[PDB]
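*Asks:* Sharing input.json, JSON, N, CA and C atoms and all ligand atoms:
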[["chain", "number", "residue", "atom", "x", "y", "z"],
["I", 1, "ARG", "N", -87.66, 0.13, -83.53],
["I", 1, "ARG", "CA", -86.53, -0.56, -82.83],
["I", 1, "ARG", "C", -86.80, -0.74, -81.34],
["I", 2, "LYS", "N", -87.34, 0.31, -80.71],
["I", 2, "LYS", "CA", -87.63, 0.32, -79.27],
["I", 2, "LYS", "C", -88.74, -0.66, -78.91],
["I", 3, "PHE", "N", -89.82, -0.63, -79.69],
["I", 3, "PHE", "CA", -90.96, -1.53, -79.51],
["I", 3, "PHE", "C", -90.53, -2.99, -79.65],
["I", 4, "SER", "N", -89.69, -3.26, -80.65],
["I", 4, "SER", "CA", -89.25, -4.61, -80.97],
["I", 4, "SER", "C", -88.31, -5.17, -79.90],
["I", 5, "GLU", "N", -87.46, -4.31, -79.34],
["I", 5, "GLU", "CA", -86.58, -4.69, -78.24],
["I", 5, "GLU", "C", -87.39, -5.00, -76.98],
["I", 6, "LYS", "N", -88.43, -4.20, -76.74],
["I", 6, "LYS", "CA", -89.33, -4.38, -75.60],
["I", 6, "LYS", "C", -90.08, -5.72, -75.65],
["I", 7, "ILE", "N", -90.73, -6.00, -76.78],
["I", 7, "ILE", "CA", -91.50, -7.24, -76.95],
["I", 7, "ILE", "C", -90.60, -8.48, -76.98],
["I", 8, "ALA", "N", -89.35, -8.31, -77.41],
["I", 8, "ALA", "CA", -88.36, -9.39, -77.39],
["I", 8, "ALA", "C", -87.95, -9.75, -75.97],
["I", 9, "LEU", "N", -87.72, -8.74, -75.14],
["I", 9, "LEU", "CA", -87.30, -8.94, -73.75],
["I", 9, "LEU", "C", -88.42, -9.54, -72.90],
["I", 10, "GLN", "N", -89.66, -9.15, -73.18],
["I", 10, "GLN", "CA", -90.82, -9.68, -72.46],
["I", 10, "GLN", "C", -91.05, -11.16, -72.77],
["I", 11, "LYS", "N", -90.83, -11.55, -74.02],
["I", 11, "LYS", "CA", -90.95, -12.95, -74.45],
["I", 11, "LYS", "C", -89.86, -13.84, -73.85],
["I", 12, "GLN", "N", -88.67, -13.27, -73.65],
["I", 12, "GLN", "CA", -87.58, -13.97, -72.97],
["I", 12, "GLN", "C", -87.88, -14.15, -71.49],
["I", 13, "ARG", "N", -88.43, -13.10, -70.88],
["I", 13, "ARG", "CA", -88.82, -13.11, -69.46],
["I", 13, "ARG", "C", -89.94, -14.12, -69.20],
["I", 14, "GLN", "N", -90.88, -14.22, -70.13],
["I", 14, "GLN", "CA", -91.98, -15.19, -70.04],
["I", 14, "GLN", "C", -91.51, -16.62, -70.27],
["I", 15, "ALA", "N", -90.43, -16.77, -71.05],
["I", 15, "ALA", "CA", -89.84, -18.09, -71.31],
["I", 15, "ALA", "C", -89.06, -18.60, -70.10],
["I", 16, "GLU", "N", -88.43, -17.67, -69.38],
["I", 16, "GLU", "CA", -87.71, -17.98, -68.15],
["I", 16, "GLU", "C", -88.67, -18.32, -67.02],
["I", 17, "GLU", "N", -89.81, -17.63, -67.00],
["I", 17, "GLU", "CA", -90.87, -17.88, -66.03],
["I", 17, "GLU", "C", -91.49, -19.26, -66.25],
["I", 18, "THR", "N", -91.65, -19.64, -67.52],
["I", 18, "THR", "CA", -92.19, -20.94, -67.89],
["I", 18, "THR", "C", -91.18, -22.04, -67.55],
["I", 19, "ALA", "N", -89.90, -21.76, -67.76],
["I", 19, "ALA", "CA", -88.83, -22.70, -67.40],
["I", 19, "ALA", "C", -88.80, -22.95, -65.89],
["I", 20, "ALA", "N", -89.00, -21.88, -65.12],
["I", 20, "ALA", "CA", -89.02, -21.96, -63.66],
["I", 20, "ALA", "C", -90.26, -22.69, -63.14],
["I", 21, "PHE", "N", -91.40, -22.42, -63.76],
["I", 21, "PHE", "CA", -92.67, -23.05, -63.40],
["I", 21, "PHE", "C", -92.66, -24.56, -63.66],
["I", 22, "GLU", "N", -92.13, -24.95, -64.82],
["I", 22, "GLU", "CA", -92.02, -26.36, -65.19],
["I", 22, "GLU", "C", -91.12, -27.11, -64.22],
["I", 23, "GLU", "N", -90.03, -26.46, -63.80],
["I", 23, "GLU", "CA", -89.12, -27.00, -62.79],
["I", 23, "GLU", "C", -89.86, -27.31, -61.49],
["I", 24, "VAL", "N", -90.68, -26.37, -61.03],
["I", 24, "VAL", "CA", -91.46, -26.51, -59.79],
["I", 24, "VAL", "C", -92.46, -27.66, -59.88],
["I", 25, "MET", "N", -93.15, -27.77, -61.02],
["I", 25, "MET", "CA", -94.14, -28.83, -61.24],
["I", 25, "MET", "C", -93.50, -30.21, -61.28],
["I", 26, "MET", "N", -92.29, -30.29, -61.82],
["I", 26, "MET", "CA", -91.51, -31.53, -61.84],
["I", 26, "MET", "C", -91.01, -31.91, -60.44],
["I", 27, "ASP", "N", -90.98, -30.94, -59.52],
["I", 27, "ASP", "CA", -90.65, -31.18, -58.12],
["I", 27, "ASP", "C", -91.87, -31.61, -57.29],
["I", 28, "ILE", "N", -93.05, -31.50, -57.89],
["I", 28, "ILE", "CA", -94.33, -31.90, -57.29],
["I", 28, "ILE", "C", -94.63, -31.14, -55.99],
["E", 1, "ZN", "ZN", -83.53, -12.79, -68.28],
["E", 2, "ZN", "ZN", -92.39, -26.10, -71.79],
["E", 3, "ZN", "ZN", -86.13, -28.23, -58.68]]
Written as structure tokens, that's how I'd like the structure from this file.
Ligand SMILES: [Zn+2]
Ligand SMILES: [Zn+2]
Ligand SMILES: [Zn+2]
*Replies:*
Amino acid sequence: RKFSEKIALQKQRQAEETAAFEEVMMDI
């Protein structure tokens, strides 16, 4: 349960980072 919660939160954090990065690239 602990491992699965950890890897789930990291994947969400990486998805938010990708969302933020894509935003920046679209701003050129
Ligand atoms: Zn978050
Ligand atoms: Zn994307
Ligand atoms: Zn922007």
*Asks:* If you measure from atom C of residue 16 (chain I) to atom C of residue 28 (chain I), what distance in Å do you get, rounded to one decimal?
*Replies:*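 About the pair atom C of residue 16 (chain I) and atom C of residue 28 (chain I): they are 17.9 Å apart.
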*Asks:* Quick one: which chain I residues come within 6 Å of ligand ZN 3 (chain E), and what is the nearest atom pair for each with the distance in Å to one decimal, counting only C-alpha atoms and all ligand atoms, rows ordered by chain and ascending number, as JSON lines?
*Replies:*
{"residue": "I:23", "atom": "CA", "partner": "E:ZN3", "partner_atom": "ZN", "distance": 5.2}
{"residue": "I:24", "atom": "CA", "partner": "E:ZN3", "partner_atom": "ZN", "distance": 5.7}
{"residue": "I:27", "atom": "CA", "partner": "E:ZN3", "partner_atom": "ZN", "distance": 5.4}
*Asks:* Pull N, CA and C atoms from the residues just selected and write them as a short mmCIF file (atom, residue, chain, number, x, y, z; two decimals), in the coordinates of the input.
*Replies:*
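The result, stored in part35.cif:
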data_model
loop_
_atom_site.label_atom_id
_atom_site.label_comp_id
_atom_site.auth_asym_id
_atom_site.auth_seq_id
_atom_site.Cartn_x
_atom_site.Cartn_y
_atom_site.Cartn_z
N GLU I 23 -90.03 -26.46 -63.80
CA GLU I 23 -89.12 -27.00 -62.79
C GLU I 23 -89.86 -27.31 -61.49
N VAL I 24 -90.68 -26.37 -61.03
CA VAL I 24 -91.46 -26.51 -59.79
C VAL I 24 -92.46 -27.66 -59.88
N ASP I 27 -90.98 -30.94 -59.52
CA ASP I 27 -90.65 -31.18 -58.12
C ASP I 27 -91.87 -31.61 -57.29
#
*Asks:* Have a look at atom C of residue 6 (chain I) and atom N of residue 18 (chain I) and let me know their distance in Å, one decimal.
*Replies:*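 Value for the atom C of residue 6 (chain I)-atom N of residue 18 (chain I) distance: 16.2 Å.
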*Asks:* Could you please determine the separation between atom ZN of ligand ZN 1 (chain E) and CA of residue 4 (chain I) in Å, to one decimal place?
*Replies:*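 We find that atom ZN of ligand ZN 1 (chain E) and CA of residue 4 (chain I) lie 16.1 Å from each other.
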*Asks:* May I have the residues within 8 Å of ligand ZN 1 (chain E), computed using only N, CA and C atoms and all ligand atoms, as a list in words?
*Replies:*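 Checked against 8 Å with only N, CA and C atoms and all ligand atoms; the hits are residues 9, 12, 13, 14 and 16 of chain I.
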*Asks:* For the residues selected in the previous step, produce a file with N, CA and C atoms as a PDB file, in the frame of the given file.
*Replies:*
ATOM      1  N   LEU I   9     -87.720  -8.740 -75.140  1.00  0.00           N
ATOM      2  CA  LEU I   9     -87.300  -8.940 -73.750  1.00  0.00           C
ATOM      3  C   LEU I   9     -88.420  -9.540 -72.900  1.00  0.00           C
ATOM      4  N   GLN I  12     -88.670 -13.270 -73.650  1.00  0.00           N
ATOM      5  CA  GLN I  12     -87.580 -13.970 -72.970  1.00  0.00           C
ATOM      6  C   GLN I  12     -87.880 -14.150 -71.490  1.00  0.00           C
ATOM      7  N   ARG I  13     -88.430 -13.100 -70.880  1.00  0.00           N
ATOM      8  CA  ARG I  13     -88.820 -13.110 -69.460  1.00  0.00           C
ATOM      9  C   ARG I  13     -89.940 -14.120 -69.200  1.00  0.00           C
ATOM     10  N   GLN I  14     -90.880 -14.220 -70.130  1.00  0.00           N
ATOM     11  CA  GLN I  14     -91.980 -15.190 -70.040  1.00  0.00           C
ATOM     12  C   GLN I  14     -91.510 -16.620 -70.270  1.00  0.00           C
ATOM     13  N   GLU I  16     -88.430 -17.670 -69.380  1.00  0.00           N
ATOM     14  CA  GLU I  16     -87.710 -17.980 -68.150  1.00  0.00           C
ATOM     15  C   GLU I  16     -88.670 -18.320 -67.020  1.00  0.00           C
TER      16      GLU I  16
END
*Asks:* Would you list the residues that come within 10 Å of ligand ZN 2 (chain E)? Count only C-alpha atoms and all ligand atoms and give the answer as JSON, numbers by chain.
*Replies:* {"I": [15, 18, 19, 20, 21, 22, 23]}
